[PDB]
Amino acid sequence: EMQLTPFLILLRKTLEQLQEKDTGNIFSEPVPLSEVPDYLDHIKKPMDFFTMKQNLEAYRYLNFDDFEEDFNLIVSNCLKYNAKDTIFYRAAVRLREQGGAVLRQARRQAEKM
């Protein structure tokens, strides 16, 4: 219920802030299915920040919830696949915490559009 171009500006900036939290660059490109062959036996919808960028620029996020849903998939897929005592699981918890705060801030800025 606002103009497209500003909303997308906000989502691009939000996506950059989320990517900045992935300091190890483990969430920034699809999981390499060539290196992890059992990945899709548990993960129904892989997600990553590059795919989110592509979706954003294809006009596939037209509300904040659709954007936040794909972010949440990045986190939940990693929590699902990895044991708790791993760097990967711990990284997803960190991203959930740090990324959640980025998202709330961005949602506020959207309410004003």
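Residue indices: 1-based, along the sequence shown. Between two forms, the rigid core is the largest collection of C-alphas that superpose within 1.5 Å.
Original post:
Which of the two stretches, 102-110 or 4-12, moves more in 8 other deposited structures of this protein when the core is held fixed, judged by C-alpha RMS distance?
Top reply: Of the two stretches, the larger average C-alpha offset in 8 other deposited structures of this protein falls on 4-12.
Subject >> Residue stretch of maximal mean CA temperature factor, 101-109 vs 85-93 >> reply: Here the higher of the two C-alpha B-factor means belongs to 101-109.
**OP:** Could you settle it for me: does 24-32 or 70-78 have the higher average Cα B factor in the PDB entry?
**Re:** Per the PDB entry, the higher value belongs to 24-32.
**OP:** Could you tell me which third, lowest, middle or highest, the C-alpha B-factor of residue 11 occupies within its chain?
**Re:** Within its chain, residue 11 is a middle-third residue by C-alpha B-factor, going by the deposited values.
**OP:** Consider only the C-alpha atoms of the modelled residues in this chain, order them by B-factor as the entry records it, and name the third containing residue 61: lowest, middle or highest.
**Re:** Middle third of the chain for residue 61's C-alpha B-factor.
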